[PDB]
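# Remarks on the overall topology
The lines below spell out each chain.
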Amino acid sequence: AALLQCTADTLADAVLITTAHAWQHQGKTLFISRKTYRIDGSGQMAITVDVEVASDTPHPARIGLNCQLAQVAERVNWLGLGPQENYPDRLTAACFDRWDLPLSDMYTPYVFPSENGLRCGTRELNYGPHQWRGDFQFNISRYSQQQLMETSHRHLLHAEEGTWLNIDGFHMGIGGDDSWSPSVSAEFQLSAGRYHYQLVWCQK
Amino acid sequence: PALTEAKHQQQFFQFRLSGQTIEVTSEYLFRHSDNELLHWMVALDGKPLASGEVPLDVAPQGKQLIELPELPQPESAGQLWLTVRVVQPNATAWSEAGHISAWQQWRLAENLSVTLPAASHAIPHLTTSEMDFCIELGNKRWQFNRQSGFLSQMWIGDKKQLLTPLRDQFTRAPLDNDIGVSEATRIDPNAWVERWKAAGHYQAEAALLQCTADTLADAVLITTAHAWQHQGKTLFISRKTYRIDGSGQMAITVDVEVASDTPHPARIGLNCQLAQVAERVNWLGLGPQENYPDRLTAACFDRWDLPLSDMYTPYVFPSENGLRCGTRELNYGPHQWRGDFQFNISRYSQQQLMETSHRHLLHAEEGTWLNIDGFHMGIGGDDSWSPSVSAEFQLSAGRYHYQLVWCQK
């Protein structure tokens, strides 16, 4: 990521920050992301993200923003499809209700570790002090995405301090009919080339 | 307008493209392509860097592989477009020479531009009244009405740009398919028009949920929230923010929330009436035939120029018509529109179109009605009698976002 542009401005009731980032590989830009942060008098924070994906580039597996949080919580409470991990390609099993689970549960053990435990169509996500409001797909786990890709086996992974949190406006479909060849459906892939999602960061 | 769509789908030749290489498959059972000419033009942003023409020699059921000279690469931001069409060098008894049997369009690898608009020395100055919100930059003046919650007037000179305040429109004149067999004497529950009419979708009246005025150092930003309520039930909530550049180019971002219960809005768009009248409409998008999301296959993406009369499509029975889709930029007269949207520009108001029994009856309203839609519902339909619209085409998302830029000149 590089900063294409950045700015700071003050609303009478709130402060608004706008950041533009371009992701470039080999002189070619895979994605352009524009984010504006607006701060309420209440102090609740609203994030609006606009993502542009080049038509040429293979479609991004997911579009989301990921942060690492020092705080660790016993239980994760969210309102959305639950309680089993669900994906857009296979979200049929899940149903929408308030959900409470042990934090360990969110992670799904696999012999081979790949991104897992994703939850979809969640209006609000609650972990510890933080409250998240909006429509998004969130996976919350100790292990970093980079860590998950690296490890040969599930047993090997050691949880990083704090909890990694991922929030995705859109997630690519898991698939697949066939392991050998891509089994993902055409509709599921995020080929739109234009993407918009917004969420709110709220204390308590 | 539909007939062109039939021609494109019907055409015997099938084109599959991998990388530089283009492969053509012949529909024909019995005939070799004795006199077929294949022409390919590559253009960027409505401009073609190169044109390639190859003679075609495919036996019936035959597959012919054609490889382009390596395409020019443009540093400039934009999307490369490759268009291949087949024309007959010698006219058949039915067709004059230079007639085109088939065409195909493929996007080239996309280009994303990280170049930045900023910065412009001029800064917008806004003057506030209880009655109205006024923004002035240079000669141009922008007026927003607090009571209304929409900006009534756009100012040039020494001139007034628009007769009618810009507003969100969730309805389009009913298509033949939507109306179906439904009649005032014998209304049918199933028909799309009936669902909308029962909904109060047409009669819903906007209210200002909230409004505000703020000044950026380089720009002035206005935020309006509107709730459309019928019978104590809110069909849609729309939030719009207008940001004014130092350049004075204006950017609109619209967020629309639709209740899950309500029948899906036929279109989500904002429609305004403009006093100015222009001889020709120039836009970059699918062209030149009117196209809809359900049937946008016929249309191809290139810079398009047409007489203003052309945009309207004559119908014995008048329903919303002449819509254009996937248009990056729309140009009418002084105004420039930048973004991705579906636009129909016509003299007749949508309200007028729905009202009239016959096409002949309509009389053009002064100025030109302009409609811009972030998303448009699919026309359909397999059957007139029952809704033929596909499930995917309908805008059931319940969340919608689109943004466009209003630019002078």
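Residues numbered from 1 in each chain as written, not as in the entry; some residues may be left out. Chains lettered and ligands numbered in written order. Part of a larger assembly, values for the part shown. Heavy atoms only, no water.

Let's shift gears to the overall build of chain A. Broken down by element type, chain A carries 2 helices and 11 strands. Overall, chain A shows an N-to-C arrangement of helices and strands of β-β-β-β-β-β-β-α-β-β-α-β-β. For a compact globule of 204 residues, the expected C-alpha radius of gyration is about 17 Å, and chain A comes in at 18 Å, within 12% of that figure. Dimensions along the principal axes, computed over C-alpha positions, put chain A at roughly 50 × 45 × 30 Å. (Helix = DSSP H or I, 4+ residues; strand = E, 2+ residues; numbered from the N terminus. Rg over C-alpha atoms; globule rule 2.2 N^0.38 Å.)

Glancing now at the overall build of chain B. Across its full length, chain B carries 5 helices and 24 strands. The C-alpha radius of gyration of chain B comes to 24 Å, within 12% of the 22 Å expected for a compact globule of 409 residues. By principal-axis analysis of the C-alpha atoms, chain B measures approximately 75 × 60 × 40 Å. A total of 409 residues make up chain B; the buried ones form 50% of that total. If you take every contact in chain B between residues at least 6 apart in sequence, the share linking residues at least 24 apart comes to 62%. (Buried < 20%, exposed > 50% of the residue type's maximum accessible area, 1.4 Å probe, protein only. Contact = heavy atoms within 4.5 Å.)

Residue and element names in this part refer to chain A. Reported here for the second largest pocket is a volume of approximately 1,100 Å³. At the level of secondary structure, the elements contributing two or more residues to the lining of the second largest pocket comprise β3 (28-39), β4 (45-53), β5 (62-69), α2 (145-150) and β10 (163-171). Considering each element in turn, the lining of the second largest pocket owes the most residues, 5 residues, to β5. (1 Å grid on protein atoms, 1.4 Å probe; cavity = no way out; pocket = protein on both sides within 12 Å on 5 of 7 lines; lining within 4 Å. Points joined across faces, edges and corners; volume = space filled by probe spheres on them.)

Note: strands within a sheet are paired through backbone hydrogen bonds, in either parallel or antiparallel orientation. Residue and element names in this part refer to chain B. Within the open sheet, the 4 strands sit side by side as β4-β3-β6-β7. Their pairing is antiparallel. Strand pairing shows two members of the sheet lacking a second neighbour, β4 (47-56) and β7 (100-111), which therefore form its edges. Ignoring strand direction, the axes of neighbouring strands in this sheet form an average angle of 15 degrees. Both strand β6 (residues 78-87) and β7 contribute to a ladder of 9 bridges, which runs antiparallel. For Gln79, the partnering residue across the bridge sits in β7 and is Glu110. (Pairing = 2+ DSSP bridges. Axes fitted to C-alpha atoms, helices over the stretch in contact; angles between N-to-C directions.)

Another aspect to go through is the sheet that holds strand β1 (residues 14-18) of chain B. All names here are of chain B. Spatial strand order, β1-β2-β5: 3 strands in an open sheet with antiparallel pairing. At either end of the open sheet lies a strand with only one pairing partner, and these are β1 and β5 (63-67). Taking the axes of each pair of neighbouring strands and ignoring which way they run, one obtains an average angle of 20 degrees across the sheet. Where β1 meets strand β2 (residues 21-25), 5 bridges bridge the pair, whose relative direction is antiparallel. By the bridge assignment, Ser18 is partnered in β2 with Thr21.

Moving on: the packing of aromatic side chains. A ring pair, where both rings are aromatic, is described by two values, the distance of the centres and the angle of the planes. For the structure shown, the criterion picks out 19 aromatic pairs over all chains. A ring pair is formed by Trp132 of chain A and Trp201 of chain A, whose centres lie 5.1 Å apart and whose planes are at 85 degrees; its orientation type is edge-to-face. Taken together, the residues span a long stretch of sequence, with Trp132 of chain A in strand β9 (residues 130-141) and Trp201 of chain A in strand β11 (residues 194-203) at a distance of 69 residues. Within the aromatic cluster, the residues linked to one another by ring pairs are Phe150, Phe170, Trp228 and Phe236 of chain B. Between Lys197 of chain B and the ring centre of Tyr202 of chain B, over which it is positioned, the NZ or CZ distance is 5.2 Å. (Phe/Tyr/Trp six-rings, centres within 6.5 Å; stacked < 30°, edge-to-face > 60°. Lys NZ or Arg CZ within 6 Å of the ring centre and 35° of its normal.)

Bringing the interface of chain A and chain B into the picture now. Frequently, the measure chosen for interface size is the accessible area removed from exposure when the parts meet. Taken together, the 21 residues of chain A in the interface contact 17 residues of chain B. Counting across the interface, chain A meets chain B through 2 salt bridges. In this assembly, chain A and chain B are joined by 5 residue pairs in polar contact. Contributions of two or more residues to the side of chain A that touches chain B are made by β1 (2-10), β2 (15-25), β3, β4 and β11 of chain A. With 4 residues, β3 of chain A is the single largest residue contributor to the side of chain A that touches chain B. For the side of chain A that touches chain B, the residue count by class is 8 nonpolar, 6 polar and 7 charged. (Salt bridge = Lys/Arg side-chain N within 4 Å of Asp/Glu carboxyl O. Polar contact = N/O pair within 3.5 Å; in protein donor to acceptor, adjacent residues only side chain to side chain. Nonpolar A, V, L, I, M, F, W, Y, C, P; charged D, E, K, R; others polar.)

As a further point, take the pattern of salt bridges. Summed over the entire model, instances satisfying the criterion amount to 17 salt bridges over all chains. Taking the shortest distance from any N to any O, the salt bridge between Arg90 of chain A and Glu85 of chain A comes out at 3.3 Å. When the shortest N-O distance is used, the salt bridge between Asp245 of chain B and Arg243 of chain B registers 3.0 Å. With relative accessibility at 19%, the residue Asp245 of chain B sits in the buried group.

All names here are of chain B. Among the secondary structure elements, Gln249 is positioned in the loop between β16 (233-244) and β17 (250-258). As for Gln249 and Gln408, which are separated by 159 residues in sequence, their C-alpha atoms are 6.8 Å apart. Setting aside chain neighbours within four positions, we find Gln249 in contact with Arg243, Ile244, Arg338, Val405, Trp406 and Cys407. Engagement of the side chain of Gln249 in a polar contact is seen with the side chain of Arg338, the distance being 2.9 Å.

All names here are of chain B. One can read the domain layout of chain B as domain 1 (11-116) and domain 2 (117-409). Computed from C-alpha coordinates alone, the two centres of domain 1 and domain 2 are separated by 35 Å. With 7 residues of domain 1 at the contact, the number on the domain 2 side is 9 residues. Applying the counting rule to domain 1 against domain 2 returns 0 salt bridges. (Domains from an automatic or database assignment.)

In this section: the environment of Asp176 of chain B. All names here are of chain B. Here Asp176 lies in helix α2 (residues 176-179). Overall, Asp176 belongs to the partly exposed group, its relative accessible area being 46%. Placed 208 residues apart in sequence, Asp176 and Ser384 show a C-alpha to C-alpha distance of 7.2 Å. Reaching out from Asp176, the side chain makes a polar contact with the side chain of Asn177 at a distance of 3.0 Å.

Let us now look at helix α3 (residues 192-199) of chain B. Residue and element names in this part refer to chain B. Taken residue by residue, α3 has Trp192, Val193, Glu194, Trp196 and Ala199 as its buried positions. Contacts made by the buried residues of α3 are with α2, β15 (220-230) and β16. Positioned one or two residues after α3, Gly200 has a phi angle of 80 degrees, which is positive.

The next point concerns unusual backbone geometry. For the bond running from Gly82 of chain A to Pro83 of chain A, omega is -5 degrees, close enough to zero to count as cis. Looking at the secondary structure, you find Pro83 of chain A in the loop between β6 (75-82) and β7 (95-102). Here the amide bond leading from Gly157 of chain B into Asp158 of chain B is cis, since omega sits at -5 degrees, within 30 degrees of zero. Turning to its location among the elements, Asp158 of chain B is positioned in the loop between β11 (153-156) and β12 (159-160). For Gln26 of chain A, which is not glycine, the phi torsion reads 60 degrees and is therefore positive. Following the sequence through the fold, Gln26 of chain A ends up in the loop between β2 and β3.

Now for the side chain of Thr83 of chain B. Take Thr83 of chain B: it is sitting in strand β6. The residues contacting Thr83 of chain B, other than those within four sequence positions of it, are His39, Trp40, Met41, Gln104 and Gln105 of chain B.

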